[PDB]
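Chemist:
Protein chains in written order, with PDB author numbering: chain A, 567 to 597, 652 to 739, 741 to 767, 769 to 793, 810 to 828; chain B, 568 to 597, 654 to 691, 696 to 733, 736 to 836; chain D, 444 to 496; chain C, 446 to 462, 471 to 500.
Printed below as a string of structure tokens:
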């Protein structure tokens with residue numbers, strides 16, 4: 567970690583950002653008529669995405685803290701300060717929302733009673750993988766409708783997401815391969 | 568379109584420097656009655672100036688959004708919004724503390742009037758004065774560079790027409806009025822020039 | 444050479460004159476707070492619009 | 446453009462072969486997050 571870690575923290579913030587926005591879109595559906657089993661699934665999905673966001677945010681802080689204690693300068697940019705403030709704010713927000721979801725989940729569970737706690742899993746990685754392609758496909762079809771810049775950002779968001787999947791600090811070879819190749823078509827398009 | 572982001576980054580630099588000054592005054596509050660009242664006023668005024676810069680940011684972005696969004700911009704705007712809500716909560720706290728003190732301690738007419746522009750001016754020149762003494766003691770060049778840049782951000786606030794208006798001097802038509810006179814603006818312009826020139830010289834030496 | 448001149452210039456600084464109270468409105472802390480408070484929903488709205496896009 | 450729509454339409458799924474405690478560790482970081490941000494800001498000032 568060099569005298570400037572800004573670009574690293576910047577890349578981590580983009581990853582946290584797209585994870586957070588995905589969590590938020592789930593969350594907003596939670597906030652009359654909504655079936656319990658669907659309310660529950662949405663709540664879990666939203667929770668796992670906040671937790672993943674929290675993992676990426678925490679790693680940012682971990683990196684920045686290590687850098688701060690090791691680098692003798694103590695020279696920080698305005699930018700890094702700003703991003704670190706955004707990280708802290710977002711970590712507080714994600715954590716409050718994840719607590720709220722944990723609670724709501726617990727409450728919902730106390731209105732049921734199971735002979736299948738032999739029972741299904743929600744995999745955060747599948748959530749991320751599917752959504753990433755739904756974004757790109759929505760954009761390609763929007764591209765066919767006319769909105770050049772929205773197709774850029776949409777496309778951008780898809781690749782940050784797949785990159786999180788391949789990242790070893792934030793966590810199958812057939813799958814990783816499948817992903818290792820998937821960034822390229824999206825990068826080609828964008 | 569791709570130029571709004573650097574305008575927003577520039578405002579965010581200004582908001583940051585003002586916010587950090589407010590926080591340095593705020594911290595000394597977290654206890655003689657005269658000094659406390661002075662710190663509370665000073666901190667409040669700096670938070671209100673922060674809010675003017677932050678608001679200006681949202682407006683610019685808001686206007687651009689509805690006439691004409697990067698990841699960077701999204702992040703920045705989340706930050707601006709977080710700082711706006713924080714500054715507003717702190718300023719309300721301070722306004723309420725000030726009402727308490729002006730009622731609970733007894736010369737209220739006599740107190741010297743605290744102007745935010747004097748706070749900014751003195752603080753910017755102290756930072757550059759300290760940077761230059763540092764620079765001549767062989768100190769760290771990056772440290773010196775950031776200090777000069779900080780002074781310049783501060784003084785630009787005072788030369789910026791949309792930012793140099795004083796938020797406690799309201800028109801009655803919802804306009805804030807600039808409290809500086811022309812010789813003040815001309816003096817600040819001179820300091821801006823010399824500080825920028827000091828910063829360029831310093832950059833030459835480190836390259 | 445220059446550092447010394449620059450330091451001296453800064454140490455020699457005069458305080459700002461400002462405008463006399465006579466040509467300014469009365470000072471009002473509360474009115475600025477009210478205005479800022481009324482921007483909040485526009486701030487939230489704007490940030491969600493950017494995120495959704 | 447169509448190759449792209451097709452590939453995305455044609456996608457195959459992944460094959461995958471705590472929460473409570475994770476939240477406690479995160480909650481535990483909160484003071485450290487403040488201190489760090491504050492340490493970064495304090496460095497930004499010459500004095």
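Even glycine gets a Cβ: it sits at the ideal position worked out from N, Cα and C.
1. Does residue 739 (chain B) have its Cβ less than 9 Å from a Cβ in chain C?
2. Which residues in chain C have a C-beta closer than 8 Å to the C-beta of residue 759 (chain B)? List them in chain order.
3. So, are the CB atoms of residue 712 (chain A) and residue 771 (chain B) less than 9 Å apart?
4. From this set, C:495, C:460, C:449 and C:491, which residue's C-alpha is nearest residue 815 (chain A)'s C-alpha?
5. Is there a Cβ of chain A sitting closer than 9 Å to that of residue 709 (chain B), yes or no?
6. Using the beta-carbon count (16 or more within 10 Å), is residue 581 (chain B) buried or exposed?
7. Compute the minimum distance between the beta carbon of residue 691 (chain B) and the heavy atoms of the ligand PLP, and state whether it is under 8 Å.
8. For residue 587 (chain B), which residues in chain C fall below 8 Å Cβ to Cβ?
9. Should the region 478-489 of chain D be called in touch with the region 809-824 of chain B, which here means at least 3 C-beta pairs below 8 Å?
10. Taking Cβ positions only, does residue 775 (chain A) come closer than 9 Å to chain D?
11. Identify the contact partners of residue 675 (chain B) in chain C, using a Cβ-Cβ distance below 8 Å as the criterion.
12. Under the rule that 16 or more other beta-carbon atoms within 10 Å means buried, what is residue 710 (chain A), buried or exposed?
13. Quick one: what's residue 800 (chain B) bridged to in DSSP?
14. Pull up the distance between the alpha-carbon of residue 776 (chain B) and that of residue 499 (chain C), whole angstroms please.
15. Hey, could you find the ends of the alpha helix (DSSP H) residue 726 (chain B) is sitting in?
16. On the premise that residue 568 (chain B) lies in contact with residue 691 (chain B), defined as a C-beta separation below 8 Å, what is that separation, rounded to the nearest angstrom?
17. What's the gap between the Cα of residue 703 (chain A) and the Cα of residue 458 (chain D)?
18. Over what stretch of residues does the alpha helix (DSSP H) that includes residue 484 (chain D) continue unbroken?
19. Could you please give the first and the last residue of the uninterrupted alpha helix (DSSP H) stretch that includes residue 454 (chain D)?
20. Leaving out five residues before and five after residue 596 (chain B) in sequence, what residues of the same chain have Cβ atoms less than 6 Å from its Cβ?
21. Between residue 770 (chain A) and chain C, is any beta-carbon pair separated by less than 9 Å?
22. Below 9 Å between beta carbons: does that hold for residue 588 (chain A) and residue 817 (chain A)?
23. Should residue 700 (chain A) and residue 584 (chain A) be called a contact, given that it needs their Cβ atoms to be closer than 9 Å?
Modeler: The structure says:
1. Position 110 of the second chain, counted from the start, is the residue given in the question as residue 739 (chain B). Taking Cβ atoms only, chain C never reaches closer than 9 Å to residue 739 (chain B), which makes this a no.
2. The sequence position of residue 759 (chain B) within the second chain is 130, counting from 1. The contacting residues are 499 and 500.
3. For the purposes of this step, residue 712 (chain A) is identified with residue 92 of the first chain, where counting begins at 1. For the purposes of this step, residue 771 (chain B) is identified with residue 142 of the second chain, where counting begins at 1. No, these two residues do not count as a Cβ contact at 9 Å.
4. Position 177 of the first chain, counting from 1, holds the residue named residue 815 (chain A). Comparing Cα-Cα distances from residue 815 (chain A) to each of C:495, C:460, C:449 and C:491, the minimum goes to C:460.
5. Within the second chain, residue 709 (chain B) is the residue found at index 82, counting from 1. Yes, because at least one Cβ of chain A sits closer than 9 Å to the Cβ of residue 709 (chain B).
6. For the purposes of this step, residue 581 (chain B) is taken as residue 14 along the second chain, with counting starting at 1. Burial call: buried.
7. In the structure on display, the ligand PLP does not appear, and there are no ligands present to speak of.
8. Taking the first residue of the second chain as position 1, residue 587 (chain B) is located at position 20. Ordered by position in chain C, the residues that pass the 8 Å Cβ test against residue 587 (chain B) are 494, 497 and 498.
9. At 8 Å Cβ cutoff, the stretches do not touch.
10. Here residue 775 (chain A) refers to the residue found at position 153 of the first chain. At a cut-off of 9 Å between beta carbons, residue 775 (chain A) contacts chain D.
11. On the second chain, position 52 is the one that residue 675 (chain B) refers to. Annotation: residue 675 (chain B) has no Cβ neighbours in chain C at a cutoff of 8 Å; minimum Cβ distance is about 21 Å.
12. In the first chain, the residue the question calls residue 710 (chain A) occupies position 90. Classification for residue 710 (chain A): buried.
13. As a working mapping, residue 800 (chain B) is identified with position 171 in the second chain. For residue 800 (chain B), which the question treats as bridged, DSSP gives no partner whatsoever.
14. In the second chain, residue 776 (chain B) corresponds to position 147, counting from 1. In the fourth chain, residue 499 (chain C) corresponds to position 46, counting from 1. The straight-line gap separating the alpha-carbon atoms of residue 776 (chain B) and residue 499 (chain C) is approximately 6 Å.
15. Reading the second chain from its first residue, position 99 is the one you call residue 726 (chain B). Note, residue 726 (chain B): alpha helix (DSSP H), 698-731.
16. Sequence index remark: in the second chain, residue 691 (chain B) carries index 68 (1-based). Sequence index remark: in the second chain, residue 568 (chain B) carries index 1 (1-based). Going by Cβ atoms, the distance from residue 691 (chain B) to residue 568 (chain B) rounds to 6 Å, so yes, they are a contact pair.
17. Numbered from its first residue, the first chain carries residue 703 (chain A) at position 83. Numbered from its first residue, the third chain carries residue 458 (chain D) at position 15. The straight-line gap from Cα to Cα measures roughly 36 Å.
18. By 1-based counting over the third chain, the position of residue 484 (chain D) is 41. From DSSP, the alpha helix (DSSP H) with residue 484 (chain D) extends over 472-495.
19. Residue 454 (chain D) sits at position 11 when you count from the first residue of the third chain. Here the alpha helix (DSSP H) through residue 454 (chain D) covers 445-454.
20. In the second chain, residue 596 (chain B) corresponds to position 29, counting from 1. Hits under 6 Å: 662.
21. Residue 770 (chain A) sits at position 148 when you count from the first residue of the first chain. It does not: the Cβ of residue 770 (chain A) has no partner Cβ on chain C nearer than 9 Å.
22. Within the first chain, numbered from 1, the residue matching residue 588 (chain A) stands at position 22. Within the first chain, numbered from 1, the residue matching residue 817 (chain A) stands at position 179. Taking 9 Å as the Cβ cut-off, residue 588 (chain A) and residue 817 (chain A) do not qualify as a contacting pair.
23. As a first step, residue 700 (chain A) is located in the first chain; it is residue number 80 there, counting from the start. As a first step, residue 584 (chain A) is located in the first chain; it is residue number 18 there, counting from the start. Not in contact: residue 700 (chain A) and residue 584 (chain A) (Cβ atoms no closer than 9 Å).
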